[PDB]
Amino acid sequence: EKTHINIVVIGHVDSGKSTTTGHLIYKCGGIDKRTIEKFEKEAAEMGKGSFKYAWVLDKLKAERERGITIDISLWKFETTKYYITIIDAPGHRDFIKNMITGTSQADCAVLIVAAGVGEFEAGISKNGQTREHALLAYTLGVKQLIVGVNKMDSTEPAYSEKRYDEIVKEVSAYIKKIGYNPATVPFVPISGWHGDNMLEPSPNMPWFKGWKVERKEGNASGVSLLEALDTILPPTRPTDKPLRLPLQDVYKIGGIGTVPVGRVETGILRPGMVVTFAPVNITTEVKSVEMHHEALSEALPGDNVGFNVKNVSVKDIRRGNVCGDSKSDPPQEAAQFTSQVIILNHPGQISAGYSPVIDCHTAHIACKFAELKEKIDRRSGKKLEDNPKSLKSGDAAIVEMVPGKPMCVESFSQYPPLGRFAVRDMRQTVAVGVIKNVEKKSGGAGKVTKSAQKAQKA
Amino acid sequence: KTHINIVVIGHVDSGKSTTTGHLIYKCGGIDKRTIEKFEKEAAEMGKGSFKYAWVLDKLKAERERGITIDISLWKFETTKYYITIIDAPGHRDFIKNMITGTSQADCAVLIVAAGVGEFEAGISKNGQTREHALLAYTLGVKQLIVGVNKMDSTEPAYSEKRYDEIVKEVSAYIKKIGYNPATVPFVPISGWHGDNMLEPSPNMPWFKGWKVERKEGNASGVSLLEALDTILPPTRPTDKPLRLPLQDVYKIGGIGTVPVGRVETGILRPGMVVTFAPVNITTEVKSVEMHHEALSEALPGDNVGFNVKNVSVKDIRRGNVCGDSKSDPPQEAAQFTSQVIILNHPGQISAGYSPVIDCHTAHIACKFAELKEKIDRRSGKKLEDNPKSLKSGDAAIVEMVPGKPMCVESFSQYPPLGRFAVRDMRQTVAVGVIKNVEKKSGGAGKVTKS
Ligand SMILES: Nc1nc2c(ncn2[C@@H]2O[C@H](COP(=O)(O)OP(=O)(O)O)[C@@H](O)[C@H]2O)c(=O)[nH]1
Ligand SMILES: Nc1nc2c(ncn2[C@@H]2O[C@H](COP(=O)(O)OP(=O)(O)O)[C@@H](O)[C@H]2O)c(=O)[nH]1
Ligand SMILES: *NCCOP(=O)(O)OC[C@H](O)CO
Ligand SMILES: *NCCOP(=O)(O)OC[C@H](O)CO
Ligand SMILES: *NCCOP(=O)(O)OC[C@H](O)CO
């Protein structure tokens, strides 16, 4: 009955991700006591770990690898308004692959940050993953973020407010440059080990009056980490976004005219709009829309609809073109885009200049790997090398890409269905990525149909 | 209209890609200018047949590694269904995709070549046609259409005698496998020329039609397209017997013993007399609750708690399966045959390997008692009967025997209780689906005061 919410837990190594997640699983009662003792005993019989709470996240990472998920109810807990599943975490081989491919899709990210002397400054430095994980979460469109300032018991003095305020000020400034509004992000001081302020206020922090978030969708306030999880906003239906309609096919139909066919990915398409076709840059009014050969009054996201457009021939638009309205951020041609990729099994060496085909939404266009900007570690997202010379299997990377033919692609944080792509080479998928930013082409006003000229004159 | 998923199987080079592509051509699923763009791309790569075949060759290639970008090219429309091709043999991840259920076919189109040229006309005892049909039966694809292809190349052309020979030979095999041959339409086609795919072929006036006789009702037709419109919807989980794997068991004061779990099939009603397997306990359900609020019915998909009478918390655990005591009650598995694919891991697997099995909410070590067949994961063909070992990348038929009492189900009867993962320490070393289960010779045990 309650809505389902997926959580990913991020943060620098040894910041307390495992301890905090497992303690949350213990305290929220999704696992009975006998089952916990069975799994604590099994972890000890493996020799490894035997820390408290540790087996929970180590078991999750191991079961998020190649293969299936058989049951995930061990990492699902219930709050007052949400079923919440811990879907993934960094520190295992297929982490970045799951994030990029979207097999692990998160509605919110819990960023753990350690508060001990040295621990915080290490994760927030250039060598640390706090900023890298935050940027990765933003790159994937996880635009809800909870920051748990962990290990408050180990500050000097213990449970230090001065320390907590310092961490909030510096993390806020960094996530602000990344793209987050730090006024929407709750900062919860906690102790994953002892449990302080996870399910209820901690007697050890009477100075903490609570966190607050401001947002157009309604302000919220609370004290515990669990309260912060209840302020997660549901999956934003893309009806609010501008129109994006990648064309699947374009038919000519006797009597009617030209009718492209596609799934509406963002926004609404209703008859009478003055749409713009990228990357060809044509602009027309749509005469009608039809779904399942019956006419529709408006086409919300998800519908496979064909639509009748005026004065445009079939040789003028193709499968792979993107359709959006000219009233609300019309799609432009992509001049180049940077993206984050994961290199899949492929014995060869990818160098700069490697030109493969790029399946992106309904488009299918050869691109050039112009630069290899960064070499990323796939187990954690950690940056390994600036401007690498080549990439091999199992590597992740940031690359700039220039298409060899006109192409319309979007940033994945903005329009997800147009920002995830596959890299194919003959009958082999060699890489998959998500688009970081796309520098749009100069262009200008495209050729406007007689029908579109009449609409924009009343 | 209903959405329907199709898997296309058959021996290599029997004409799966040509038949499928020609069907997608003739059903207007793709515009003509896009068809030409991809036919020219296909000829440049030079790895597959230049016309028609690129459609299924593209699909095979894009069902790889775990990334799906767009499937619009493989969804065509018949008069009763939106049909989608999801997979076909001939790529590394075929068997893995079938088992892991990232491809869930409603019906299997089996393609058999009638024109065998100077090769072996016989459908061999250990051949790909039989092994593919055995695979579809293991994965619960209980609807099967046989396209007898390349009728243009028989001796003589469009030979009724050759067509009969093949139906007789194939019917015997699929009847042994477990299909009722009376329910399988046999359509003589030419995927290349388009004979008998959407309309009757003038080259086969002897073919008066195929006939199916099912428990639901008979149907007849001529073309392969009409065969696709006799596919039935799957059995909704609501109409199957109750199956409820227990996630947790709690002791609530006053209330008593409250198991919690997800209804996978059937309906859970307060007042039902359920049986817990494999502990063989039968008792009445006093109430059913969802979100600390009562419930008339617990439907498939609901995560519920239910209070049972006269049952101790020491008596039922996570991993036990709950079901109706009257309609198909669950029982303890004495042993079960399964189909697995081995993932990378150190060393080889012999008979006697006793790893942990992850099935529904259970977590129990099982013995690989017999390794029965070694299967290639690309083509799905049989490499070896009774192999001495399995290595990474292999696919196999194995007979498993649980070490502690376990309750599992055939994947075709109860899918959520029929697929499993195999773990060694923390590594995932195999995934599989259950063919058939030998239930324990144990009769009704503890029946409480209700
Ligand atoms: N004092 C203290 N130690 C903690 C706390 N949370 C975790 N630790 C410890 O810090 C280390 C970090 O371990 P872990 O939770 O596995 O970190 P991960 O690498 O981010 O998953 C372990 O030794 C934990 O026991 C905390 O709140 N307070
Ligand atoms: N003569 C004839 N050749 C066919 C027919 N269908 C397919 N072929 C050819 O048989 C070969 C194998 O077909 P393909 O579709 O690639 O087979 P698959 O390996 O099962 O996908 C190709 O050369 C096709 O052109 C048919 O009906 N008649
Ligand atoms: N990817 C090209 C490497 O050189 P860089 O300077 O970083 O890229 C800009 C191009 O040189 C433009 O001419
Ligand atoms: N408990 C019945 C209320 O739900 P409903 O949808 O009506 O289920 C009825 C059966 O599924 C009908 O077969
Ligand atoms: N799996 C080897 C054990 O001996 P085997 O003869 O193959 O199996 C015995 C049957 O299960 C009972 O007849």
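For chain B, we keep the numbers from Swiss-Prot: what you see runs 5-454, in order.
According to its header, this structure was worked out by X-ray crystallography, 2.7 Å.
The backbone N, Cα and C atoms fix where each Cβ goes, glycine too.
What Swiss-Prot records for B:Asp17 is Mg(2+) binding site, and it gives experimental evidence as the kind of evidence. Taking Cβ-Cβ distances under 8 Å and a sequence gap of 6 or more within the same chain, the neighbours of B:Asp17 (Mg(2+) binding site) are B:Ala117. DSSP classifies B:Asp17 (Mg(2+) binding site) as coil under the three-state reduction.
Sequence annotations record features per position, and here Swiss-Prot assigns GTP binding site to B:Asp17, B:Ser18, B:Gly19, B:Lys20, B:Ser21, B:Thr22, B:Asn153, B:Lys154, B:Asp156, B:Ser194, B:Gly195, B:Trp196 based on experimental evidence.
Marked as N6-methyllysine by Swiss-Prot: B:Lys36 (among others). In this chain, no residue six or more apart from B:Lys36 (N6-methyllysine) has a CB-CB distance below 8 Å.
Under DSSP, B:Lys36 (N6-methyllysine) is assigned to a helix (H, G or I) in the three-state scheme. The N6,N6-dimethyllysine annotation in Swiss-Prot covers B:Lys36 (among others).
Residues annotated as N6,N6,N6-trimethyllysine in Swiss-Prot: B:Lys36 (among others).
The feature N6,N6-dimethyllysine is assigned by Swiss-Prot to B:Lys55 (among others). If you take the C-beta of B:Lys55 (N6,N6-dimethyllysine) and look for same-chain residues 6 or more apart in sequence within under 8 angstroms, you find B:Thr22, B:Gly25, B:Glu43.
Feature annotation from Swiss-Prot assigns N6,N6,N6-trimethyllysine to B:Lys55 (among others).
The feature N6,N6,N6-trimethyllysine is assigned by Swiss-Prot to B:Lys79 (among others), with similarity to another entry given as support. Following the DSSP three-state reduction, the secondary structure of B:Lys79 (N6,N6,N6-trimethyllysine) is strand.
What Swiss-Prot records for B:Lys165 (among others) is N6,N6-dimethyllysine. In the three-state DSSP assignment, the secondary structure recorded for B:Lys165 (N6,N6-dimethyllysine) is helix. Within the same chain, no residue at least 6 positions away in sequence has its Cβ under 8 Å from that of B:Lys165 (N6,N6-dimethyllysine).
Per Swiss-Prot, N6-acetyllysine is recorded for B:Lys179 (among others). Take the CB of B:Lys179 (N6-acetyllysine) and look out to 10 A: across all protein chains shown you find 13 other CB atoms.
Swiss-Prot lists B:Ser224 (among others) with the feature phosphoserine. In this structure, B:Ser224 (phosphoserine) is part of a beta strand by DSSP.
If you look up Swiss-Prot, you'll see B:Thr239 marked as phosphothreonine. Within the same chain, no residue at least 6 positions away in sequence has its Cβ under 8 Å from that of B:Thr239 (phosphothreonine).
Taken residue by residue with DSSP, B:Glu374 (5-glutamyl glycerylphosphorylethanolamine) is part of a strand. Among the features that Swiss-Prot reports, 5-glutamyl glycerylphosphorylethanolamine is placed at B:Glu374 (among others), with the record citing experimental evidence.
The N6-acetyllysine annotation in Swiss-Prot covers B:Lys439 (among others) and rests on similarity to another entry. Annotation for B:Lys439 (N6-acetyllysine): same-chain Cβ neighbours under 8 Å, separated by at least 6 residues, are B:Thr142, B:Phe340, B:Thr341, B:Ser342, B:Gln343, B:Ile401, B:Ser414, B:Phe415. B:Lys439 (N6-acetyllysine) carries a strand DSSP state (E or B).
Positions annotated as region 'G1' by Swiss-Prot: B:14-21.
Distant neighbours of the region 'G2' (B:70-74): 106; these residues of the same chain sit at least 6 beyond its ends, with a Cβ under 8 Å from one of its Cβ atoms. Taken from Swiss-Prot, the feature region 'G2' covers B:70-74.
Within the chain carrying the region 'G1' (B:14-21), a Cβ under 8 angstroms from the stretch's Cβ atoms is held by residues 52-53, 56-61, 92-94, 114-117, 131-133, 136, 151, 153-154, 195-196, 383, all 6 or more beyond its ends.
Spread of the GTP binding residues is 17 Å (greatest Cα-Cα distance among B:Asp17, B:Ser18, B:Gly19, B:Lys20, B:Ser21, B:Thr22, B:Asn153, B:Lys154, B:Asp156, B:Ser194, B:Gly195, B:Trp196). With respect to ligand 2, the recorded positions B:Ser21, B:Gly195, B:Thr239 contribute B:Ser21, B:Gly195 as residues with a C-beta closer than 6 angstroms to one of its atoms, given in sequence order. B:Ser224 (phosphoserine) is 26 Å away from B:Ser21 (GTP binding site) when you measure Cα to Cα. The sparsest Cβ neighbourhood within 10 Å, among the listed recorded positions (B:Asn153, B:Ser224), is found at B:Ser224. According to DSSP, B:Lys55 (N6,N6-dimethyllysine) sits in a coil region rather than a helix or strand. Per DSSP, the region 'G2' (B:70-74) is made up of 0 helix, 0 strand, 5 coil. Recorded residues B:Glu374 (5-glutamyl glycerylphosphorylethanolamine) and B:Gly19 (GTP binding site) have their alpha carbons 35 Å apart, per Cα-Cα distance.
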